[PDB]
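# Sequence, then structure. It's an experimental one.
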2 protein chains.
Amino acid sequence: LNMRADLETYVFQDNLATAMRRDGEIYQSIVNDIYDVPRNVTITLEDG
Amino acid sequence: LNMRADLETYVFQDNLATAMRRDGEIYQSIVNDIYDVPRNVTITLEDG
């Protein structure tokens, strides 16, 4: 139970101190296509 | 656990003295010098 407790603050610590580590479902590459009109809750396309 | 620690101070020791044996998989083949192109995020022959 205390393992899970220390694991909760592990997330909130590591994402600040070590930093970075932003989360979301997206596509990394610089230079994109267009629009976001359907988008949400998909895996694979919508567009590039 | 201390045997695993011996393996940590093995890699850190042996690679400096004995050295060599650097491969990308089981071959070190192709890419020459440097490459700076990448594509999307996927790495083909490229920087492979």
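Received, thanks. Numbering: from 1, shown residues only, chains lettered A, B, ... in the order given.

# Run a quick neighbour tally on residue A:46.
Other residues near residue A:46 come to 14 when the count uses other C-beta atoms under 10 Å in any protein chain shown. All C-beta atoms are positioned from the backbone trio N, CA, C, and that covers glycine.

# Also residue A:8?
When counting by other C-beta under 10 Å, one arrives at 9 neighbours for residue A:8.

# Same check on the one 10 residues further on?
Burial of residue A:18, expressed as a neighbour count using other C-beta under 10 Å, amounts to 8.

# how about the helices in chain A?
A:2-17 (DSSP state H).

# Next, find the distance separating the spatially most central residue of it from residue B:29.
Centroid-nearest residue in chain A, with C-alpha atoms, centre = their mean: residue A:23, separated by 1.4 Å. Separation of residue A:23 from residue B:29 (C-beta to C-beta, to the nearest Å): 36 Å.

# same check, this time on residue A:26
For residue A:26, the distance to residue B:29 - C-beta to C-beta - is 34 Å.

# And these two? Which one has more around it.
residue B:29 (10 against 7).

# how about that one, phi and psi?
phi -60, psi 140 (degrees, to the nearest 10).

# That one: what's it in contact with?
Residues counted as contacts of residue B:29 (C-beta atoms under 8 Å, 6 or more residues apart in numbering or on different chains): none.
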